[PDB]
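Student: Please find my_file_33.csv (CSV, C-alpha atoms) on the next line:
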```
chain,number,residue,atom,x,y,z
A,1,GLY,CA,35.8,-6.7,-23.0
A,2,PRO,CA,33.6,-8.0,-20.1
A,3,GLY,CA,35.3,-10.5,-17.8
A,4,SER,CA,32.4,-12.8,-17.1
A,5,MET,CA,34.9,-15.3,-15.7
A,6,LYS,CA,32.4,-17.8,-14.4
A,7,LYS,CA,28.9,-16.3,-14.3
A,8,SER,CA,27.5,-14.2,-17.2
A,9,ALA,CA,28.3,-10.5,-17.4
A,10,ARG,CA,24.7,-10.1,-18.7
A,11,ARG,CA,23.6,-9.5,-15.1
A,12,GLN,CA,25.2,-6.0,-15.1
A,13,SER,CA,23.4,-5.0,-18.3
A,14,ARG,CA,20.1,-6.2,-16.7
A,15,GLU,CA,20.8,-4.2,-13.5
A,16,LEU,CA,21.4,-1.2,-15.8
A,17,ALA,CA,18.3,-1.9,-17.8
A,18,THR,CA,16.0,-2.3,-14.8
A,19,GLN,CA,16.5,1.5,-14.2
A,20,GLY,CA,15.1,2.4,-17.6
A,21,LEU,CA,12.4,-0.2,-17.6
A,22,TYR,CA,11.4,1.0,-14.1
A,23,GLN,CA,11.2,4.7,-15.3
A,24,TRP,CA,9.2,3.4,-18.3
A,25,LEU,CA,6.6,1.4,-16.3
A,26,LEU,CA,6.5,4.0,-13.5
A,27,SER,CA,6.7,7.3,-15.4
A,28,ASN,CA,4.7,5.8,-18.3
A,29,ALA,CA,6.6,7.8,-20.9
A,30,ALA,CA,7.1,6.7,-24.5
A,31,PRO,CA,9.4,3.7,-24.8
A,32,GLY,CA,12.0,5.3,-27.2
A,33,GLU,CA,12.3,8.4,-25.2
A,34,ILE,CA,13.6,6.4,-22.3
A,35,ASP,CA,15.2,3.6,-24.3
A,36,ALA,CA,17.5,6.4,-25.7
A,37,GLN,CA,19.6,6.3,-22.5
A,38,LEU,CA,21.1,3.0,-23.7
A,39,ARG,CA,21.8,4.5,-27.1
A,40,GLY,CA,24.0,6.9,-25.3
A,41,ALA,CA,25.3,4.4,-22.8
A,42,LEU,CA,25.7,1.0,-24.5
A,43,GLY,CA,25.4,-1.5,-21.7
A,44,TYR,CA,26.8,-4.6,-23.6
A,45,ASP,CA,30.5,-3.6,-23.7
A,46,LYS,CA,30.3,-2.1,-20.2
A,47,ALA,CA,28.4,-4.8,-18.5
A,48,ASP,CA,31.0,-6.3,-16.1
A,49,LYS,CA,32.8,-5.4,-12.8
A,50,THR,CA,36.1,-4.8,-14.7
A,51,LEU,CA,34.5,-2.1,-16.9
A,52,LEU,CA,33.2,-0.2,-13.8
A,53,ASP,CA,36.7,1.4,-13.4
A,54,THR,CA,36.4,2.5,-17.0
A,55,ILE,CA,32.9,3.7,-16.1
A,56,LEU,CA,33.8,5.9,-13.1
A,57,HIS,CA,36.3,7.7,-15.4
A,58,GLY,CA,33.5,8.0,-17.9
A,59,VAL,CA,31.5,9.5,-15.1
A,60,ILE,CA,34.1,12.1,-14.2
A,61,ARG,CA,34.9,12.8,-17.9
A,62,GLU,CA,31.8,12.1,-20.0
A,63,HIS,CA,29.1,13.0,-17.5
A,64,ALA,CA,28.2,16.2,-19.5
A,65,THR,CA,28.4,14.4,-22.8
A,66,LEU,CA,26.2,11.6,-21.5
A,67,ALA,CA,23.6,14.1,-20.3
A,68,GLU,CA,23.7,15.8,-23.7
A,69,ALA,CA,23.8,12.5,-25.6
A,70,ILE,CA,20.0,12.1,-24.9
A,71,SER,CA,19.1,14.9,-27.2
A,72,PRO,CA,20.7,13.6,-30.5
A,73,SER,CA,19.7,10.1,-29.4
A,74,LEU,CA,16.1,11.0,-30.0
A,75,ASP,CA,14.2,12.8,-32.8
A,76,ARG,CA,13.2,15.4,-30.2
A,77,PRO,CA,15.1,17.9,-28.0
A,78,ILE,CA,16.5,17.0,-24.6
A,79,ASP,CA,13.6,18.6,-22.6
A,80,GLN,CA,11.0,16.0,-23.8
A,81,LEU,CA,11.7,13.9,-20.7
A,82,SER,CA,10.9,16.3,-17.8
A,83,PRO,CA,14.0,18.0,-16.1
A,84,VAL,CA,13.8,15.9,-12.9
A,85,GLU,CA,13.0,12.7,-14.8
A,86,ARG,CA,16.0,12.9,-17.1
A,87,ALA,CA,18.3,14.4,-14.5
A,88,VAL,CA,17.7,11.5,-12.1
A,89,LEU,CA,17.4,8.7,-14.7
A,90,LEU,CA,20.6,9.5,-16.6
A,91,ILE,CA,22.9,10.2,-13.6
A,92,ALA,CA,21.4,7.5,-11.4
A,93,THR,CA,21.8,4.9,-14.1
A,94,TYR,CA,25.3,6.0,-15.1
A,95,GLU,CA,26.3,5.7,-11.4
A,96,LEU,CA,24.3,2.5,-10.8
A,97,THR,CA,26.3,1.0,-13.7
A,98,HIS,CA,29.4,1.1,-11.5
A,99,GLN,CA,27.6,1.3,-8.1
A,100,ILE,CA,25.3,-1.8,-8.4
A,101,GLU,CA,26.6,-2.9,-4.9
A,102,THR,CA,27.0,0.7,-3.5
A,103,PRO,CA,24.7,1.9,-0.6
A,104,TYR,CA,21.6,3.6,-1.8
A,105,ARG,CA,22.4,6.2,0.9
A,106,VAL,CA,25.1,7.8,-1.2
A,107,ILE,CA,23.4,7.3,-4.6
A,108,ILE,CA,20.1,8.9,-3.3
A,109,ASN,CA,22.1,11.6,-1.5
A,110,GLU,CA,23.7,12.7,-4.8
A,111,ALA,CA,20.4,12.4,-6.6
A,112,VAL,CA,18.7,14.5,-3.9
A,113,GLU,CA,21.6,17.1,-4.3
A,114,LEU,CA,20.7,17.4,-8.0
A,115,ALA,CA,17.0,17.5,-7.3
A,116,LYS,CA,17.7,20.8,-5.5
A,117,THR,CA,18.2,22.8,-8.7
A,118,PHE,CA,15.6,20.8,-10.7
A,119,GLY,CA,12.7,20.3,-8.4
A,120,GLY,CA,13.8,22.1,-5.2
A,121,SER,CA,11.4,21.8,-2.3
A,122,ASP,CA,9.4,19.1,-4.1
A,123,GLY,CA,12.2,17.5,-6.1
A,124,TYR,CA,14.5,16.6,-3.2
A,125,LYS,CA,11.8,14.7,-1.4
A,126,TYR,CA,10.4,13.3,-4.7
A,127,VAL,CA,13.6,11.7,-5.8
A,128,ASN,CA,14.2,10.2,-2.3
A,129,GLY,CA,10.7,8.7,-2.2
A,130,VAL,CA,10.9,7.1,-5.7
A,131,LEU,CA,14.3,5.5,-5.1
A,132,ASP,CA,13.5,4.5,-1.5
A,133,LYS,CA,10.7,2.1,-2.7
A,134,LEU,CA,13.3,0.0,-4.6
A,135,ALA,CA,16.0,0.4,-1.9
A,136,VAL,CA,13.8,-1.2,0.8
A,137,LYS,CA,13.7,-4.3,-1.4
A,138,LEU,CA,17.3,-4.3,-2.7
A,139,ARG,CA,18.8,-3.4,0.7
A,140,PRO,CA,16.1,-3.9,3.4
A,141,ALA,CA,18.4,-4.2,6.4
A,142,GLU,CA,19.9,-0.8,5.8
A,143,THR,CA,16.5,0.9,5.0
A,144,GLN,CA,15.1,-0.4,8.2
A,145,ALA,CA,17.9,1.5,10.0
A,146,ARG,CA,16.3,4.9,10.0
A,147,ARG,CA,18.3,7.1,12.4
A,148,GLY,CA,16.9,10.6,12.9
A,149,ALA,CA,19.7,11.6,15.4
```
Turn the structure described in the file into structure tokens.
Tutor:
Amino acid sequence: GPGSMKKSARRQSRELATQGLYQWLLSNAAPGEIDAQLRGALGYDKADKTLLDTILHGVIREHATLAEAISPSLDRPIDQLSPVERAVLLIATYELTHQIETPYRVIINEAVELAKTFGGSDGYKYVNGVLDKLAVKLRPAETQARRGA
């Protein structure tokens, strides 16, 4: 399973978890509703840099299944967690799992691209603004490099 050659693989599962815990404390939705994301994507077995390769294939293949997996994971239908909320949370986390060290630029870009259909004029700025706040802490040097042209 997880390599964890020298230092614990547990870090990865935490970096995955912080997404859900953030959405929890930030969106202030019911614990289980958000917790469900891990019921669909079990972090334990996938928490390690070796599994990431497995994960990207799971992204290309099981993206749709993952998105749908939220509905049977709860006692309630998929739409409980608002369209934008779930759209961003599930995809961003699934990517984050294998993109923990990847530029927020690309992750946010993709998130914004999805936000188009879900939130449109509000959504694309909304998702940028919410992720930005973390990015300025997890990658300050890059966030300070704001190039308009």
Student: Counting only C-alpha atoms, figure out which residue out of A:140, A:10, A:110, A:4 gets nearest to residue 128 (chain A).
Tutor: A:110
Student: Considering all atoms listed in the file, state which residue in the set A:67, A:138, A:107, A:25 is at the smallest distance from residue 39 (chain A).
Tutor: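 Under the stated criterion, the closest residue is A:67.
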Student: Could you check how far CA of residue 137 (chain A) sits from CA of residue 94 (chain A), in Å to one decimal?
Tutor: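 One can read the CA of residue 137 (chain A) to CA of residue 94 (chain A) distance as 20.7 Å.
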Student: Using all atoms listed in the file, which protein or nucleic acid residues come within 10 Å of residue 93 (chain A)? Drop anything in the same chain fewer than 6 positions from it, and give the result as a PDB file with C-alpha atoms, in the coordinates of the input.
Tutor:
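part.pdb, freshly written:
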```
ATOM      1  CA  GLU A  15      20.800  -4.200 -13.500  1.00  0.00           C
ATOM      2  CA  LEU A  16      21.400  -1.200 -15.800  1.00  0.00           C
ATOM      3  CA  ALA A  17      18.300  -1.900 -17.800  1.00  0.00           C
ATOM      4  CA  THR A  18      16.000  -2.300 -14.800  1.00  0.00           C
ATOM      5  CA  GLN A  19      16.500   1.500 -14.200  1.00  0.00           C
ATOM      6  CA  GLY A  20      15.100   2.400 -17.600  1.00  0.00           C
ATOM      7  CA  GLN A  37      19.600   6.300 -22.500  1.00  0.00           C
ATOM      8  CA  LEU A  38      21.100   3.000 -23.700  1.00  0.00           C
ATOM      9  CA  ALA A  41      25.300   4.400 -22.800  1.00  0.00           C
ATOM     10  CA  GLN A  99      27.600   1.300  -8.100  1.00  0.00           C
ATOM     11  CA  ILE A 100      25.300  -1.800  -8.400  1.00  0.00           C
ATOM     12  CA  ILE A 107      23.400   7.300  -4.600  1.00  0.00           C
TER      13      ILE A 107
END
```
Student: Counting all atoms listed in the file, which residue out of A:143, A:80, A:35, A:95 sits closest to residue 57 (chain A)?
Tutor: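 Of all the options, A:95 lies closest to residue 57 (chain A).
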Student: Residues at most 8 Å from residue 47 (chain A), counting all atoms listed in the file, excluding those fewer than 3 positions away in the same chain, as a list in words?
Tutor: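 Using all atoms listed in the file, the neighbours found are residues 2, 9, 10, 11, 12, 13, 43, 44, 51 and 97 of chain A.
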